[PDB]
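Before any questions on how it binds or moves, here is one chain, the form deposited in one PDB entry, in structure tokens.
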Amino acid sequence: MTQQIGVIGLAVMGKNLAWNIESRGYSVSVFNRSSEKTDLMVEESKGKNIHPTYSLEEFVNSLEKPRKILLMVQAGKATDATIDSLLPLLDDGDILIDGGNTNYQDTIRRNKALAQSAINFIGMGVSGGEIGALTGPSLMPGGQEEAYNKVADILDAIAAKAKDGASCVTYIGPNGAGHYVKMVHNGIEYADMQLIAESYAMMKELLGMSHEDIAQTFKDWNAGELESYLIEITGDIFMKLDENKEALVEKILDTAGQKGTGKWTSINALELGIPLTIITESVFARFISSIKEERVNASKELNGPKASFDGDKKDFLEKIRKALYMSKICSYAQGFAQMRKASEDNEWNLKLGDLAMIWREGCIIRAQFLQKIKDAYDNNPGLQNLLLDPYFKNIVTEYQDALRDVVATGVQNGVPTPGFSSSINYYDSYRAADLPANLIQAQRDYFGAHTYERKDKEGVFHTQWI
């Protein structure tokens, strides 16, 4: 008479999640304010246990208590509009689940407001794309821990499974913790794609490699430690030829699009005081990407060196490979330092090892790399920074020679390497016992009387320099 879970908003992401839930033996109610999308789902659901509803009242009354309602509607005001309409129809203990690409600060607000109406609110990050939602995504749910455990069985059944069987879902933390770490996953994803793009730019501009050799190189890289979904599809992309047997990717306009999640991570890092240089450079790299016609006009006015390489290209290709793997470690080390601080500031008590665990499959950044981050936190739960992990430390201690060679060669040949440059600069600053920040403190004391501390004496000092 009543279904076990309900899904509002039946675009392709909501349709696929509901179908995923139904494929595991659960009964699902579906509703869409525009009932035409409900009418096509039912025809695409011949045989499936999908119960359509054509009103919020009928939808809510269709669900067993405590009601489990998954919100898969457009982010922003539509989500708040759907919440406000449901609130009069719900009963105490009902559970709302926002699976959209929501800013975590809105989730904090909705969770706080709804809780005063005795209503549970789970903001859940969902990663994996359209195909990921239909077969097994990465799921980052945050909110009331008790309400999570009441829906954990459903989430665990639909989530992607790692090679050790563990489902790629776990309780992240209170209120907005889930949507927060989904935002950080996307920020990490930005840097992964930009580092691949810089490897690609070096192979094309500096080495003059054809699209076939570019694809084969990424495939060879994918058979080793760099194995990842993004590197896999990068190999497939350079295989996709077009009308006249040319690389289709070479005819795509170089203007990188964006939703909020990219700039949101960088803004949050700045607010928290975390040096998220690599991801931020990637976000900034998308900004420069978008002013195409301005760059086209600047290319005719500003000259640079002509890229040339007189050495062994296969040896240098391997240096790019080392540079890519080391830059991932530096980028992830920054992203996990941000989550550690956000956990502390928001009192989320995050378990960073669990985040790497649920990112091993389902999500876009999924890679064997994620298993070694989990190994890092499994070996040392108090690990203060990824660079200090014994395995990762041994890598960057080795690969730094190739990363320096790759950056310096890119700079002398006019090939921009913002992600590579940021990684090596992060490694050199983080390991530096003494930075030139003492001169910054001396200047601020000069013109602003901002005082300073000393390296030998303890206390606060001010100096009349002139």
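For the two forms, the rigid core is made up of the largest set of C-alpha atoms that agree within 1.5 Å on superposition. Shifts are known only where both forms have a C-alpha. The first residue of the shown sequence is 1; numbering continues from there.
Another form exists, deposited in another entry; not displayed. Remarks below refer to it.
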property	result
Comparing forms between this form and the one not shown after core superposition, the one residue of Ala337, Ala285, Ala269, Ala367 displaced by 2 Å or more at CA	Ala367
Core-superposed C-alpha of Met357 shifting 2 Å or more between this form and the one not shown	yes
In the other form, whether the C-alpha atoms of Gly14 and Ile364 sit closer or farther than here (change of 3 Å or more)	farther
Note on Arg360-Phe420 C-alpha separation in the other form, which departs from the shown form by 3 angstroms or more	closer
Consecutive stretches, 3 or more residues long, displaced between this form and the one not shown (C-alpha shift of at least 2 Å once the core is aligned)	357-368
